């Protein structure tokens, strides 16, 4: 599978964004916690951030006029050469918070690219937990570095290895990857970490949990990796449990911690709604909710890949043109599904947790948790697919006491923190 080439249409490159919403200016009022030694002062605006002219021009081309809180803090921190753990709610601009200052530094303090005997030595490694998120960050990096000499490349599974490998072999300043395909190329001597200036873990708490930690260790402790005191390490997420924050410390050097509001809190721009249903009732309740919301774009989350295929078939055999995305689908199908949803061709996407984190989709009207997740953090990520950049969103969650009772204390906390209604069955 060779994915469709990245669009070189400038308009399309900068169009890939969610226009800021009615509550964007309200971001200003959120309390920001900063801890660690000698934090730089936050920047007041993109124009007063000591950026290079055409990096600023690209920010402005992207449609941005005012930096979000995470950006106000992260930009000067990164430009000062410091390590950073950055926490901010879903849809509040964490991607640009690291891309903009990194790209600025790659241009203001330029280093010639190295690629010897086919082995690329990227200056920036960005990793994320899923293939579609990795492609998204890649496309955002292309946006902010547009028209510059910087070369961005992508690496992720389910794709023709040679296609991605030959592209990487040409040399790249920034490599955005999922861990599996990254280490594949590293072990073939297609990629070395010898020129790394920045390592970024996006969805960092997920990258540091049990599933991904070995792959992170293999990167951070790779024989070719430049040591932690001679590079920068940046970590961003909407969630960060304290035990995972502790684990993060092994890969960080005298770092600053930035939390925009309560760590792991839900975006207050998402209206959170719950419906008490039995496992049986879920099917009709989903059908009813879709009928009542004709013309709305809905993202339906389920627990298993089996149920993702079932629900997709149910909603298709019923009414709407619907797509499905999960790990047992072909990578072409996963990308076609997401694009169909992102373009408007399809207004329903059925998804597993593969689509819970990071993905930036225009006008998600409703996020439905057909199955609630087992983790409150993942709940917060899922509902954050809507209500982004100051726009209002809606999440409707099906609650089954037989399956979801253990989550009640954590849900009630999340709702109370976000000033949402707590229904009687979650008290």
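Positions refer to the first chain, counted from 1.
Higher mean CA B-factor, judged across 165-173 and 198-206 from the recorded values: 165-173. In this entry, 226-234 has the higher mean Cα B-factor, the comparison being between 345-353 and 226-234. You'll see in the entry that, of 283, 326, 181, 143, the Cα B factor peaks at 283.
The entry lists C-alpha B-factors for 90, 288, 121, 272, and the highest of these is at 288. Among all modelled residues in its chain, residue 313 ranks in the highest third by Cα B-factor.
When all modelled residues of the chain are sorted by CA temperature factor, residue 399 is found within the middle third. Ranked by Cα temperature factor within the chain, residue 158 sits in the middle third according to the deposited record. In the deposited entry, the Cα temperature factor of residue 295 sits in the top third of values across the chain's modelled residues. In the deposited entry, the Cα temperature factor of residue 214 places it in the middle third of its chain's modelled residues.
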